[PDB]
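Structure, as structure tokens:
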Amino acid sequence: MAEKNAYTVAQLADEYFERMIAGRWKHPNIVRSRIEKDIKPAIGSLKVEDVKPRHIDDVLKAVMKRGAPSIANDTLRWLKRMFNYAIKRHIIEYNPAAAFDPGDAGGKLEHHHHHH
């Protein structure tokens with residue numbers, strides 16, 4: 001899909017779910033519902049190159065408004081992993097979430113090499 005990496009975050013959601021949720025998710029109902037609800041805020045029909053840090057500042061405010069502060073941190077938590085995969089794919093050069101405090105909490109380890 002797309003020419004090579006010029007797809008939207010809405011399409012990236014399919015990729016992200018199939019890649020990052022195939023690694024370590026443990027809670028499918030949580031991660032899946034996140035995707036359609038808040039992970040695609042409004043700029044879903046927009047690309048990853050367009051989501052500058054200030055957009056994250058806006059969506060963090062939006063998610064607290066349209067939802068709760070709890071999920072705001074939840075979404076941001078997944079976004080980090082998303083940007084990480086985006087950068088290793090070289091869709092973007094930076095971590096738009098780095099304009100804020102992304103904390104840590106969530107990584108896990110290896111065993112040899114994830115086969116898929």
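Naming works like this for the structure tokens: A, B, ... for the chains as they're shown, residue 1 at the start of each chain, ligands 1 onward in shown order.
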Find the residues of stretch 56-89 of chain A that sit at most 7 Å from stretch 95-109 of chain A; for each, write down the nearest two atoms and how far apart they are in Å, to one decimal. Count only C-alpha atoms. Sort by chain, then by number going up, and give it as CSV.
residue,atom,partner,partner_atom,distance
A:56,CA,A:97,CA,6.7
A:77,CA,A:102,CA,7.0
A:80,CA,A:97,CA,6.8
A:83,CA,A:95,CA,5.9
*Residue neighbourhood residue A:50, 10 Å, only C-alpha atoms, exclusion window fewer than 3 positions, as a PyMOL selection string*: chain A and resi 8-9+43+46-47+53+55+92
Selection to disk with C-alpha atoms, as a PDB file, in the first residue's frame:
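Contents of selection_18.pdb, freshly written:
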ATOM      1  CA  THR A   8      -1.598   7.867   6.222  1.00  0.00           C
ATOM      2  CA  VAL A   9      -1.590   7.110   9.953  1.00  0.00           C
ATOM      3  CA  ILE A  43      -5.454  13.481  11.508  1.00  0.00           C
ATOM      4  CA  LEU A  46      -3.166  12.615   7.196  1.00  0.00           C
ATOM      5  CA  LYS A  47       0.368  11.242   6.824  1.00  0.00           C
ATOM      6  CA  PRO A  53       4.946  17.590  18.030  1.00  0.00           C
ATOM      7  CA  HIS A  55      -0.223  18.130  16.881  1.00  0.00           C
ATOM      8  CA  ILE A  92       9.982  10.212   9.867  1.00  0.00           C
TER       9      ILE A  92
END
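Residue nearest residue A:116, chosen from A:13, A:90, A:7, A:18 and counting only C-alpha atoms: A:18.
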*Which neighbours of stretch 28-36 of chain A fall inside 8 Å, counting only C-alpha atoms, when residues of the same chain fewer than 5 positions from it are skipped, and could you give them as a PyMOL selection string?*
chain A and resi 13+17+21+75
Pull N, CA and C atoms from the residues just selected and write them as a PDB file, in the first residue's frame.
ATOM      1  N   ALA A  13      -2.122   2.404  11.065  1.00  0.00           N
ATOM      2  CA  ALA A  13      -2.778   1.698  12.162  1.00  0.00           C
ATOM      3  C   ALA A  13      -2.875   0.200  11.878  1.00  0.00           C
ATOM      4  N   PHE A  17      -0.789  -2.345  14.199  1.00  0.00           N
ATOM      5  CA  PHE A  17      -1.480  -3.411  14.913  1.00  0.00           C
ATOM      6  C   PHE A  17      -0.877  -4.769  14.558  1.00  0.00           C
ATOM      7  N   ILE A  21       1.540  -5.140  17.843  1.00  0.00           N
ATOM      8  CA  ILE A  21       0.635  -5.955  18.640  1.00  0.00           C
ATOM      9  C   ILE A  21       0.972  -7.435  18.449  1.00  0.00           C
ATOM     10  N   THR A  75      -2.747   6.463  25.152  1.00  0.00           N
ATOM     11  CA  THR A  75      -2.511   6.681  23.729  1.00  0.00           C
ATOM     12  C   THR A  75      -1.065   7.099  23.466  1.00  0.00           C
TER      13      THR A  75
END
*asked:* I need the residues of chain A that end up classed as alpha helix (DSSP H) by DSSP on the backbone, written out as an NGL selection string.
replied: :A and (9-20 or 28-34 or 53-66 or 69-88)
Save the residues we just selected, C-alpha atoms, as an mmCIF file, in the first residue's frame?
data_model
loop_
_atom_site.group_PDB
_atom_site.id
_atom_site.type_symbol
_atom_site.label_atom_id
_atom_site.label_comp_id
_atom_site.auth_asym_id
_atom_site.auth_seq_id
_atom_site.Cartn_x
_atom_site.Cartn_y
_atom_site.Cartn_z
ATOM 1 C CA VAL A 9 -1.590 7.110 9.953
ATOM 2 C CA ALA A 10 -5.025 5.528 9.458
ATOM 3 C CA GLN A 11 -3.386 2.978 7.170
ATOM 4 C CA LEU A 12 -0.354 2.873 9.466
ATOM 5 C CA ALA A 13 -2.778 1.698 12.162
ATOM 6 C CA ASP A 14 -3.201 -1.553 10.208
ATOM 7 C CA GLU A 15 0.571 -1.933 9.977
ATOM 8 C CA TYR A 16 1.104 -0.941 13.614
ATOM 9 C CA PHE A 17 -1.480 -3.411 14.913
ATOM 10 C CA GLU A 18 -0.075 -6.240 12.802
ATOM 11 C CA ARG A 19 3.510 -5.440 13.809
ATOM 12 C CA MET A 20 3.616 -4.000 17.332
ATOM 13 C CA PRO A 28 -6.090 -7.562 22.723
ATOM 14 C CA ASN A 29 -9.395 -5.912 23.649
ATOM 15 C CA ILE A 30 -7.547 -2.907 25.063
ATOM 16 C CA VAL A 31 -5.081 -2.358 22.227
ATOM 17 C CA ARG A 32 -7.666 -2.985 19.499
ATOM 18 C CA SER A 33 -10.289 -0.565 20.830
ATOM 19 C CA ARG A 34 -7.585 2.068 21.360
ATOM 20 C CA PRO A 53 4.946 17.590 18.030
ATOM 21 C CA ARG A 54 2.446 20.472 18.244
ATOM 22 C CA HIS A 55 -0.223 18.130 16.881
ATOM 23 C CA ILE A 56 0.466 15.797 19.792
ATOM 24 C CA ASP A 57 0.033 18.767 22.131
ATOM 25 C CA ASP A 58 -3.334 19.408 20.508
ATOM 26 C CA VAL A 59 -4.515 15.784 20.540
ATOM 27 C CA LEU A 60 -3.439 15.315 24.179
ATOM 28 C CA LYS A 61 -5.708 18.224 25.012
ATOM 29 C CA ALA A 62 -8.418 16.810 22.748
ATOM 30 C CA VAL A 63 -8.343 13.293 24.238
ATOM 31 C CA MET A 64 -8.643 14.724 27.756
ATOM 32 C CA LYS A 65 -11.584 16.791 26.553
ATOM 33 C CA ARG A 66 -13.390 14.098 24.551
ATOM 34 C CA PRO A 69 -6.637 12.126 31.203
ATOM 35 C CA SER A 70 -6.103 8.417 31.849
ATOM 36 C CA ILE A 71 -6.437 7.379 28.200
ATOM 37 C CA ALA A 72 -4.412 10.439 27.165
ATOM 38 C CA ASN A 73 -1.322 8.825 28.701
ATOM 39 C CA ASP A 74 -2.415 5.455 27.339
ATOM 40 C CA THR A 75 -2.511 6.681 23.729
ATOM 41 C CA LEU A 76 0.778 8.578 24.103
ATOM 42 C CA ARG A 77 2.315 5.351 25.403
ATOM 43 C CA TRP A 78 1.464 3.510 22.174
ATOM 44 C CA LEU A 79 2.462 6.485 20.005
ATOM 45 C CA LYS A 80 6.075 6.121 21.157
ATOM 46 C CA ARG A 81 6.246 2.567 19.831
ATOM 47 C CA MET A 82 4.506 3.804 16.680
ATOM 48 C CA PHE A 83 7.104 6.523 16.051
ATOM 49 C CA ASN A 84 9.851 4.012 16.837
ATOM 50 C CA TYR A 85 8.586 1.749 14.058
ATOM 51 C CA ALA A 86 8.075 4.757 11.798
ATOM 52 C CA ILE A 87 11.696 5.835 12.301
ATOM 53 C CA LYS A 88 13.127 2.348 11.696
#
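Across the model, the gap from atom CA of residue A:48 to atom CA of residue A:113 is 28.1 Å.
Between atom CA of residue A:68 and atom CA of residue A:38 the separation is 10.9 Å.
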